[PDB]
Amino acid sequence: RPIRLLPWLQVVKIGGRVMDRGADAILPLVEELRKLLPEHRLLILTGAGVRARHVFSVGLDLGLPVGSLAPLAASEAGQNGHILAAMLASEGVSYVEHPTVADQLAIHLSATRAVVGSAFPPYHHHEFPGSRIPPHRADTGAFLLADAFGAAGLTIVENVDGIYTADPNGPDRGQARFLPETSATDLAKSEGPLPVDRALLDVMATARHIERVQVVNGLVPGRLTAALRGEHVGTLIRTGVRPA
Amino acid sequence: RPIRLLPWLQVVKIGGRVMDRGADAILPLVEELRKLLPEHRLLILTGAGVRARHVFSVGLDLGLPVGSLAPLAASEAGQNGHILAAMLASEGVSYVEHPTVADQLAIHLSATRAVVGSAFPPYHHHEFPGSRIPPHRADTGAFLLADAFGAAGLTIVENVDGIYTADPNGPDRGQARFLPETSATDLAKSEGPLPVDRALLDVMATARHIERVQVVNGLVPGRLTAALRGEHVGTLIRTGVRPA
Amino acid sequence: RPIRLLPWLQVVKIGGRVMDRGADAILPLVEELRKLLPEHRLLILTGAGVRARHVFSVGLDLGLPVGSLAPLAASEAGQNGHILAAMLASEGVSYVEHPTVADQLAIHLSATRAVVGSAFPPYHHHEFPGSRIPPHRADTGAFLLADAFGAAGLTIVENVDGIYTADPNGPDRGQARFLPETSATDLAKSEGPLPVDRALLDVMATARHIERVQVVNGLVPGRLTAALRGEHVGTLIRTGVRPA
Amino acid sequence: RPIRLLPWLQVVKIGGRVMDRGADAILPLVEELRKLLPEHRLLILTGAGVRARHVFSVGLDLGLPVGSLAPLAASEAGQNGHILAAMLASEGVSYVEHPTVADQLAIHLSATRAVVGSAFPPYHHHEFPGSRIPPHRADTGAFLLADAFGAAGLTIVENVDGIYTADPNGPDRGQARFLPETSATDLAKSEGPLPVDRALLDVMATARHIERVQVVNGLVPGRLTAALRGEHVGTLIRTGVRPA
Amino acid sequence: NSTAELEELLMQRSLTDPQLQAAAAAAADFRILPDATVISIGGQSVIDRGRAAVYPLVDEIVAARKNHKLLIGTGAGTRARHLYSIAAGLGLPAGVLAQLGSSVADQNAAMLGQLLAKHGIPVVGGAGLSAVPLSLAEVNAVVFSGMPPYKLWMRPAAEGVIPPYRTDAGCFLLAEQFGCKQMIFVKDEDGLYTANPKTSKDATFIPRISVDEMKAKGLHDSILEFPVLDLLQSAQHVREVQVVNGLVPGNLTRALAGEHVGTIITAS
Amino acid sequence: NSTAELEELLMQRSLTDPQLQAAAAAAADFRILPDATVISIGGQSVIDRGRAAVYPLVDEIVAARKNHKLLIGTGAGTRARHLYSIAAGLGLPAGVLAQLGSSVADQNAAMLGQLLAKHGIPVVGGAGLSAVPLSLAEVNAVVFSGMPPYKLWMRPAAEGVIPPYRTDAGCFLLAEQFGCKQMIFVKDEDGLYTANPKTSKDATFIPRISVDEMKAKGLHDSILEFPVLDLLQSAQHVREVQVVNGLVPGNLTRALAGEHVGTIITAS
Ligand SMILES: Nc1ncnc2c1ncn2[C@@H]1O[C@H](COP(=O)(O)OP(=O)(O)OP(=O)(O)O)[C@@H](O)[C@H]1O
Ligand SMILES: Nc1ncnc2c1ncn2[C@@H]1O[C@H](COP(=O)(O)OP(=O)(O)OP(=O)(O)O)[C@@H](O)[C@H]1O
Ligand SMILES: Nc1ncnc2c1ncn2[C@@H]1O[C@H](COP(=O)(O)OP(=O)(O)OP(=O)(O)O)[C@@H](O)[C@H]1O
Ligand SMILES: Nc1ncnc2c1ncn2[C@@H]1O[C@H](COP(=O)(O)OP(=O)(O)OP(=O)(O)O)[C@@H](O)[C@H]1O
Ligand SMILES: Nc1ncnc2c1ncn2[C@@H]1O[C@H](COP(=O)(O)OP(=O)(O)OP(=O)(O)O)[C@@H](O)[C@H]1O
Ligand SMILES: Nc1ncnc2c1ncn2[C@@H]1O[C@H](COP(=O)(O)OP(=O)(O)OP(=O)(O)O)[C@@H](O)[C@H]1O
Ligand SMILES: [Cl-]
Ligand SMILES: [Cl-]
Ligand SMILES: [Cl-]
Ligand SMILES: [Cl-]
Ligand SMILES: [Mg+2]
Ligand SMILES: [Mg+2]
Ligand SMILES: [Mg+2]
Ligand SMILES: [Mg+2]
């Protein structure tokens, strides 16, 4: 298998819908992140959230193809990243853009303890056809980055406890059972909504390094800290990469 | 409960008998430690090993009390620490003594990524009476330090896979069953040899922060790295401290 | 005049009686200090407080000379320094002793942003005779250090707003008028109690670098921050050193 | 051969007689050292100079053995080291003592760019008998340290251009011819005074790493800088260690 | 049974092995200072009281060292309680409080040592206690600080952050390690009573009692630090202690002459 | 007036309060080593002169300790003056020069101590001076370095960077702190003269003089460091000193027997 480029890196993906709750959720998260800076070297990546749904609504009404909708949604993930970095600026944390992440992440992680970027990949007008909704979103882009770097882990910070057998905020919420652990191949064979991109399961099947990804509730202080230490406080997803 | 003094610290205890195997075991361990320096802030503590058994043999033949034998064994843990630090000197790692660890560890971990010390506590001629063998040895001292600092974890690096139901190198080796997980109270109610100090189970009962300690085989490269990420590759010992 | 050894250093002296108020005063002070670490290079020195009065009471009852009482009081300033450093340990701050301050302060301020020490000088059994109370105490020792280093300033953190014309907590409190600014020679010609050592005025007369010292109320959050920026929020004492 | 402990270190030995010239020589040297700090990792060691000759004169008049005279001369090398470190304190440079150099040099060179120590070895009352003048002095101790660490070089800073065929300040000065290059075995077979310890040639014969040592004139600004880059501006001494 | 059998187990087994522990227990027993007596002087009960309490005890020490070899340890007192209260309110752990209390016991040892210096009696310390042998042989007495050296490695109590092993335990452990013949605690009461005599009208004096009898009547944490009673039951050399009143003139002199003033507490 | 009144002021007032200062002044006065004599040996005036000066004084020390308890402090001398001159030319402050001078006084104490080692007399140091009580009791003498421990916290003089408190002041302050009965300065002149006898033809010898009389005749900075005269006037225990010539055989022996060789300087 290929070598690991940044074997000591921890990647953390923050959901757009977590950021959408405003100060009530962002301030405790910012305080937890601040305490993690002396413990880990962090790449923090933000998702898009509800504003991407509005631009999808306007763009689909205008008839725009999926290659037009993808950079419009990625722009909203960039804005969440600017907001989070501003709250951490006094700790030396800045936001950096796609070209900087792909070529100069190593020197930026030498200058400071953490860096903020966007979780969406730069697929631009070369997004895949098929669905009218861009498939390669924030969960997928964060995993692609983390596996290519050979990072020590990727943790996904959500607004629910983890993956359930049905939407825990939807019509069938009464039948929703929590899944402490599952595999990417098991999830891919299921039908119905998930809290993570369906394309995340596809890139997990071709992964080379990362063996597990945990989804945890960012609205409960302390769970992100525990997950970064490998404690089981959410849903564990096995990717299919085998250990030595 | 009391506050955490160094919440971002990882403590690692290296067994004396691992160091006793010489270059064949030390060189792969040194290479693994080198790769961990950019990932964790480490306090590395060494045990005593076979030379402490020889000084026990001479001292017990001379009739010396347990308060005389304790600093004689701690001196051998200090020598293992000087050896390990010399191999890491080119990475900026030095050995520091008991007074420095208790008062100036914080500034030393700001100057460099890791520090080496002795795992024995400075009980000197004030060791407890009862057994003719000093009870507060390297496992016990390392746990006392890690819990007082409120460190993020303590990992114990052994020359076996973990704790068995009997000595896996002893007379009853045929009946030895591996224990993936156990609790300190369960171990304390058992009789027979263990790979860790019996007094370690006592100080676990009064612990304030550390909830689990993993014992892993330092002769298998990669297991220390996995344990520091919370992966289960040895015996997990539950201390009895409850999480929030 | 002699050269400046550490021209970029800010010295801060914390009164023993401030520390005597416990967590109610220490916790807000610790939080203010934490925010100052990225802004200034700090040497933080602690005074003795009420425990030195008790050891003076026992020692004077035993008949002990002033050279015996001086190191007994300095020990209490050391204990306040250990307490303050423990609260700042997670920021990389440790306590250091008299021999380290005199010879290795420069390398310690390169490893970390701030260092804690004792404000009492090491006069030991060579304290001056005359009064039965040791004259060279915490204010005097902190100024001697700051002027010898040629530091950028010294700020004295008290449990009152500054210097008054009489004790604002004493019998004549009704006639006490606040002094926004004064000179060391003016104070030396007065009779009555002060919030600073009388010997501080003597070493100010022979100073070579420091032109002013401000006394501020450490029980009001924000005043230490303002004083370190040269804002006038307490009593300014002019030493008599002339500017260029 | 043994491994190199600090392969990236440059060692620089400053002659006592250079320091004896006072500010006229020390100030240009301090300015040159200041400019070298961002270019090399430096261990700076000071010799003893003329004050050691006076204590030899008093001690030999009192009849004292060579084991008494050795620590008396080493104390004067320590004083030169305190003086040089004070001039560099604003750059983060401090003096450190013999026990710190032998055990904690690695962490001190991580906290700051350069460290000052004494060039005399700690032979104390265990100096070798034979001559009434201590044989293991500042040149010898600096080489012993540099070779044991496996440092990248040792440069000796003198008050003359290098080694001559006779004392260039002595009675036979008219016949003194400059030696651009020589070997330790060639010097050891000669009779007459040298600018370096005779015992330096002995420890060169058993060296394991350092292949050459250059002696340069510290009274000419720029020569120390050139020597640290391997330029030939003084006398080169070949030790006898062979390259790969 | 044999030295060869002990040495084979010491090389082949873990130190936790019951077979190894049992063989080590049969080793010979050497006493380092068998003719010395350890004396603990209370911090809050004696030294904090000043001249009226300390000066008569200084006279007794000078007189006693003519026929007795004494190791004299000092307690901490009210200055340590103030530090414990500040540090506990901040949430600091037991290991930090232990370092703070050691400095107070050092203060009291220094003050006592200066009253005794003209009689040749020194203050000793350090991890090696290397000044004890020569001083005991020449002037028959030494002064030391009673706090144990555990510092940050101090074992916490089951509840709270007050260090459980303080100056009473420290003094006792030194007596047991040196194999001393006698251990005397000097405080401010005639001895053990059925209740705290300062806060109960009808306390009855107890001349002699075992550790088990003390626990059975609710006196586990009375006039002595409770871990001392547990260490006493594990001890190899010091199987009883005596508690006497230091405010009574001559009480220490008479305890050293073998008079049964105070309370005798026996391990069994 | 009362211990309760002193303790109330000690808790309620600043230490600068004149009422508190006056109550503390009425405290009892304990002398730590009342029967000892402090002897200061000049660095430049004696030890720098070598065998001819040091060997006879060594003989006097060995003879004197039979009937006297001696604390012997060493000066620094010409090696310290060389260091002061280098450091002053660099612009270093008085606190740095004080550390440099202490190491020279340490050298001289070590050389003297090795000539006395076979007589059992040790060199002592450390912030606690913990080896003094036992050594004085057993061999009646100790050697120490005369420089005070102020180091970087040294009070500067009104002009220049030369430390004003050096080995004369250090020796004197130890005598005053220990409550010693006698303080003797050993240098290279018979005593105080009306002018420097090395540089003036007609200097007249002065057998006895007060500090105020010395200042009135321009002798404030003569044979002794000028701060010694000011410390002498503030002293509680040592209210006079004696200056004698160490190059005269037997001068130290006779000063210790109470003969009035040299000059006696009185505080008042
Ligand atoms: N099987 C399921 N298990 C758990 N949650 C589900 C499931 N199916 C749907 N959901 C819903 O998905 C929501 C999470 O929304 P989503 O994943 O779109 O937000 P996000 O990850 O914060 O946004 P972004 O992808 O832009 O970063 C949950 O609040 C939950 O209601
Ligand atoms: N129940 C048990 N489970 C596992 N190992 C055991 C058990 N009982 C005894 N042992 C033995 O303990 C050995 C480990 O020895 P020990 O723990 O004394 O060495 P160490 O921890 O390296 O030394 P130190 O305590 O000086 O650091 C193992 O190799 C094994 O043979
Ligand atoms: N003229 C005065 N102006 C202001 N305060 C005075 C004056 N005279 C006396 N005081 C008293 O001095 C008190 C300060 O006490 P002090 O200076 O002894 O404490 P500290 O400086 O905290 O202690 P330490 O000197 O041990 O650091 C004030 O609370 C005030 O009551
Ligand atoms: N063969 C020689 N070649 C060059 N210089 C010589 C020779 N023989 C004697 N010397 C003299 O040695 C002097 C250097 O003195 P020395 O080496 O003692 O001083 P240093 O090295 O500065 O002192 P330290 O050894 O205490 O550091 C030169 O100035 C020169 O006069
Ligand atoms: N049953 C009892 N019998 C006698 N005394 C008791 C009893 N219970 C409590 N005490 C109290 O215990 C006190 C002695 O312990 P305390 O810790 O107060 O003093 P100390 O030993 O000087 O402490 P330190 O040496 O740590 O300063 C006595 O003054 C007494 O009032
Ligand atoms: N009026 C005076 N009477 C006598 N001696 C005087 C007088 N004025 C100056 N002196 C000189 O003071 C000298 C003694 O002090 P000096 O500092 O030179 O020696 P020291 O005490 O050995 O110094 P150190 O101990 O610091 O080395 C005498 O040698 C003497 O020449
Ligand atoms: Cl999808
Ligand atoms: Cl030579
Ligand atoms: Cl055990
Ligand atoms: Cl005052
Ligand atoms: Mg999601
Ligand atoms: Mg083990
Ligand atoms: Mg004050
Ligand atoms: Mg030379």
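Labels below follow one simple rule: chain letters A, B, ... track the order of the sequence lines, proteins then strands, and each chain is numbered from 1. Counting convention: from 1, in listed order, for ligands and their atoms alike. Just so you know, these numbers use all the heavy atoms, side chains as well, and skip hydrogens, waters and symmetry mates.
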List every atom of ligand 3 that sits less than 4.0 Å from any heavy atom of [X], numbering the atoms from 1 in the order shown and giving each element.
X      : value
C:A48  : 24 (P), 26 (O), 27 (O)
C:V160 : 28 (C), 29 (O)
C:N169 : 29 (O), 30 (C), 31 (O)
C:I163 : 3 (N)
C:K13  : 21 (O), 24 (P), 25 (O), 27 (O)

Please report which non-hydrogen protein atom sits nearest to [atom], along with the residue it belongs to and the distance in Å to one decimal place.
atom                    : value
atom 14 (C) of ligand 3 : C:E158 OE2, 3.6 Å
atom 6 (C) of ligand 3  : C:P168 CD, 3.6 Å
atom 28 (C) of ligand 3 : C:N159 OD1, 3.4 Å
atom 4 (C) of ligand 3  : C:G162 O, 3.3 Å
atom 23 (O) of ligand 3 : C:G16 N, 3.6 Å
atom 19 (O) of ligand 3 : C:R17 CG, 3.2 Å
atom 2 (C) of ligand 3  : C:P195 CD, 3.5 Å
atom 3 (N) of ligand 3  : C:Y164 N, 3.0 Å

For [X] and [Y], test the side chains for any donor-to-acceptor distance below 3.5 angstrom and give the result as yes or no.
X      : Y      : result
E:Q177 : B:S68  : yes
C:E32  : C:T225 : yes
C:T165 : C:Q175 : no

Please say whether more than 12 non-hydrogen atoms of neighbouring residues, nucleotides or ligands are located less than 6.0 Å from [atom1] in [X].
X     : atom1 : result
C:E97 : CD    : no
B:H54 : NE2   : no
C:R21 : CZ    : no

Handout entry: Any C:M19 heavy atom less than 4.0 Å from ligand 3
Key = no
Practice task
Check the angle between the aromatic planes of C:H98 and C:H124 and answer parallel, tilted or perpendicular using the 30° and 60° thresholds.
Solution key: tilted
Any N or O on [X] sitting closer than 3.5 Å to an N or O of ligand 3?
X      : answer
C:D167 : yes
F:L15  : no
C:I14  : no
C:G49  : yes
C:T165 : no
F:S14  : no

Practice task
With heavy atoms only and a cut-off of under 4.0 Å, state how C:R53 meets ligand 3: side chain, backbone, both or neither.
Solution key: side chain
Handout entry: Side chain, backbone, both or neither: C:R137 near ligand 3, heavy atoms under 4.0 Å
Key = neither
Exercise for the section: Just jot down the ring-ring contact (aromatic ring centres under 6.0 Å, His included) partners of C:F128, sequence neighbours excluded, or say none. Expected result: C:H136, F:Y165
Problem - Verdict with supporting geometry, C:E76 and E:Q107, side-chain contact (heavy atoms from CB on, under 4.5 Å) - result: CA-CA 10 Å; C:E76 305 291 3; E:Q107 286 172 316; 2.8 Å; yes
Handout entry: Validation row: E:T78, E:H82 side chains within 4.5 angstrom (heavy atoms)
Key = no
Exercise for the section: Kindly compute the distance separating CD1 (B:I156) from CG (B:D197), expressed to the nearest 0.5 Å. Expected result: 8.0 Å
Fill in the blank from the handout: Scanning both residues in full, the closest heavy-atom pair of E:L100 with E:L83 reads O-CD1, 3.8 Å
Handout entry: salt bridge (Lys or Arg N to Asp or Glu O under 4.0 Å): pairs with one or both residues in residues 167-178 of chain C, sequence neighbours excluded
Key = none
